[PDB]
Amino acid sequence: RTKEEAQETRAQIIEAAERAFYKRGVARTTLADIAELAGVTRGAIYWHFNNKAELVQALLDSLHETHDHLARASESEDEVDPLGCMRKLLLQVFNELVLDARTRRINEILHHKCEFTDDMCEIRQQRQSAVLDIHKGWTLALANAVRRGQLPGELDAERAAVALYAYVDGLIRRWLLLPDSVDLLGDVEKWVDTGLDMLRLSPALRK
């Protein structure tokens, strides 16, 4: 069928884009390069994607799927243990980064093999949107945890969400750069609780 064959083609393109961007970077890779790696025609790849920026976004967008269940739970005001949902969420983020070759490779592309240039302004714009989306969700989950007595009552939820994101994002990039400097999988619980401890203990994050 048309759709089944089209989904298969799009999937081949995306897998080849991961391979191309990881080895040679986003800047110098072309859609024609990716089509040759995927074994599809140039008419096919350009039918699925208009430019490289759309292929980068497809990889970026693919990262949230695994975590959607725990994210929504943490953000629900009816959830009785919102902080516990955040802890399970962060454990899953790190566990997937270490174990999944795809998650690791996409993260490496976004962090270390993809430049922000006004020649391709959409890459930076869409990164801004993704990070703001995460911020909005984490601010809600932290406020819920405050409401349930799991975090300090005077916590600045917004600054707390920024502090947590900084730590998590910085540890991901540090592990990608020096994977042997950090036993992210074996000590994963310790790395998660270090971040949460910052939020629930530091008086600098309170109003």
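All residue numbers refer to positions in the sequence shown, first residue = 1.
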Between 149-157 and 162-170, which has the larger average Cα B-factor in the PDB entry?
-> 149-157
Determine, for stretches 69-77 and 87-95, which one has the higher mean CA B-factor as deposited.
-> 69-77
Checking the entry, which one of 26, 53, 35, 178 has the top C-alpha B factor?
-> 53
Check where residue 144 lands among this chain's C-alpha B-factors and tell me if it's the lowest, middle or highest third.
-> highest
Would the CA B-factor of residue 64 place it in the lowest, middle or highest third of its chain?
-> highest
Would you mind ranking residue 41 by its C-alpha B-factor against the rest of the chain and naming the third, lowest, middle or highest?
-> lowest
Lowest, middle or highest third - CA B-factor, residue 184 = middle
Assert third(CA B-factor, residue 102) within chain per record equals middle
